[PDB]
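Residues per chain, in single letters:
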Amino acid sequence: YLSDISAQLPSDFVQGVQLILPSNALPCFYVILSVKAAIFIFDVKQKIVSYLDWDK
Amino acid sequence: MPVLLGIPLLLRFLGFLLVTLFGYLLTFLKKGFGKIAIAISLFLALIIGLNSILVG
């Protein structure tokens, strides 16, 4: 779905962002995206251990 | 108390099968209590695992 609803920041609104941005800004964002993934693997793996109660 | 010549051996055999079969039920019980040991272990290991990623 995400292929045709795509747009990029105009080139005039760069000089702004690159005057305010700290160093830990983008690094932080990536963390918020890695914490998500981790929780999805935990969830899938926790539901495969519950299939051990189907043989009783 | 007089009996025929084969009855005492039918009565000893009908309690050999019972002890053998009641012996198998025990073996299988113990196995199923080993599944709930594996299961618990797994769960607590996935929790301790996530901790180490997030705190890093």
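Residues numbered from 1 in each chain as written, not as in the entry; some residues may be left out. Chains lettered and ligands numbered in written order. Part of a larger assembly, values for the part shown. Heavy atoms only, no water.

The deposited coordinates, according to the entry record, derive from cryo-EM at 2.970 Å resolution.

Novice: Help me get a handle on the environment of A:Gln15, residues and values and all.
Specialist: As for its position among the elements, A:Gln15 is in helix α1 (residues 14-17). Separated by 26 residues in sequence, A:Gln15 and A:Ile41 place their C-alpha atoms 39 Å apart. (Helix = DSSP H or I, 4+ residues; strand = E, 2+ residues; numbered from the N terminus.)

Novice: Describe the interface of chain B and chain A, listing the residues and the values that go with them.
Specialist: Each side of the interface is counted separately: chain B has 8 residues, and chain A has 8 residues. Where chain B abuts chain A, roughly 790 Å² becomes buried across the two surfaces, and 79% of that area is made up of carbon and sulfur atoms. One can count 0 salt bridges joining chain B with chain A. Applying the counting criterion to the chain B and chain A interface returns 2 residue pairs in polar contact. When its residues are assigned to classes, the side of chain B that touches chain A shows 7 nonpolar, no polar and 1 charged. (Contact = heavy atoms within 4.5 Å. Buried area = accessible area lost by both parts, 1.4 Å probe. Salt bridge = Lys/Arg side-chain N within 4 Å of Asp/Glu carboxyl O. Polar contact = N/O pair within 3.5 Å; in protein donor to acceptor, adjacent residues only side chain to side chain. Nonpolar A, V, L, I, M, F, W, Y, C, P; charged D, E, K, R; others polar.)

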